[PDB]
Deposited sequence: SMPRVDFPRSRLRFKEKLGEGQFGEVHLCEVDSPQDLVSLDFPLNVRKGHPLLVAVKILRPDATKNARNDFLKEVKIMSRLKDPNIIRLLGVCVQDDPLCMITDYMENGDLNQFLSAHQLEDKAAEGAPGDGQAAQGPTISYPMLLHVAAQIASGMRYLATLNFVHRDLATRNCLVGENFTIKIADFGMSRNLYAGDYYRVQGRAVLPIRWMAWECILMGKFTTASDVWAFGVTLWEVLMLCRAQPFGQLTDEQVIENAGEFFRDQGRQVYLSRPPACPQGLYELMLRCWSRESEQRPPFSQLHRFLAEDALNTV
């Protein structure tokens, strides 16, 4: 166990507490997710599996499990703390340089880190399943950590399609094969990365396919399957030159084997820096 006596409460954020730690080897800031002790057994099991999965994940662009406190109650997991909250709210508060304000190159450096992060996970055959800027965190100097906050935050309910007794689905980010089968792969993670790169280039000014209903997005997935010319695509954002747009379009290839691997996507977005 990490020692509880080394976590000095700073701020609230089942609760997430901003904390600082002296001489962990400025004091180190860490984020501490605390499971309520009235927590159900299902919730406790989920928290122990979230600990198990995070434990194996060690990359500059993925949230990092720093320590746990589980031998006693309440159950604690400790991650690194990202100062600027999730990437969706962060970019929504920004505008493209001609404020605050973010240059085009910085948008690519943001996009490349998410790609470097997905690339790491692909070397483990780890499929994210719900990649989107709302699951990315921003630290200092626009460093990006992929995370997964799950599917039940009110702020983002609209990004999820729910049917009673079914898995809740982030359909507007999902590959056509996913929408039709529940079959998630690294290749489908690539598709969702294409939609994440679209969001970043939109500086998050709109939801994908936002003028179309849930049902129309599902219908669109069927048209990729039918492949008689009726499938439609996310448009090119204002900030996006046509070359970068053509990278996004490759992410939405019908055949998952024609979609770019993350190694290549990272290589191409990291080039400008």
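Within the chain's deposited sequence, the coordinate-free stretches run 1-5, 19-23, 36-49, 123-136, 312-315 in sequence order.
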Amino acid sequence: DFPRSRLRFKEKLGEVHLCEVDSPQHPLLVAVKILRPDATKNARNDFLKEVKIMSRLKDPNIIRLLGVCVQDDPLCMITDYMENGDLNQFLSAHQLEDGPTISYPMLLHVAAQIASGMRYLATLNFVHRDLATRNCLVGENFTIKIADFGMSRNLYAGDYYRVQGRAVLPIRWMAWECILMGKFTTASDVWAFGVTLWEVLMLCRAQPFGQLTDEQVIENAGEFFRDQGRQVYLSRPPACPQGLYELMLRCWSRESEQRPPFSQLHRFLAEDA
From here on, numbers count along this sequence of modelled residues.
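Take the two forms, find the largest set of C-alpha atoms that superpose within 1.5 Å, and that set is the rigid core.
The higher RMS C-alpha distance to the shown form in 9 other deposited structures of this protein, out of 216-224 and 30-38, belongs to 30-38, with every structure fitted on the core. For the pair 71-79 and 185-193, rigid core superposition yields a higher RMS C-alpha distance in 9 other deposited structures of this protein in 71-79. In this entry, 36-44 has the higher mean Cα B-factor, the comparison being between 36-44 and 217-225. Stretches 127-135 and 89-97 differ in mean CA B factor, with 89-97 having the higher one. When the Cα B-factors of 170, 74, 194, 158 are read from the PDB record, 74 comes out highest. Looking at the C-alpha B-factors along this chain, the one for residue 143 belongs to the middle third. The entry lists a Cα temperature factor for residue 114 that places it in the middle third of the chain's modelled residues. Remark: residue 232 belongs to the middle third of its chain, ranked by C-alpha B-factor as recorded. Annotation for residue 242: C-alpha temperature factor in the middle third relative to the rest of the modelled chain, per the entry. Among the modelled residues of its chain, residue 202 has a C-alpha B-factor that falls in the lowest third according to the deposited record.
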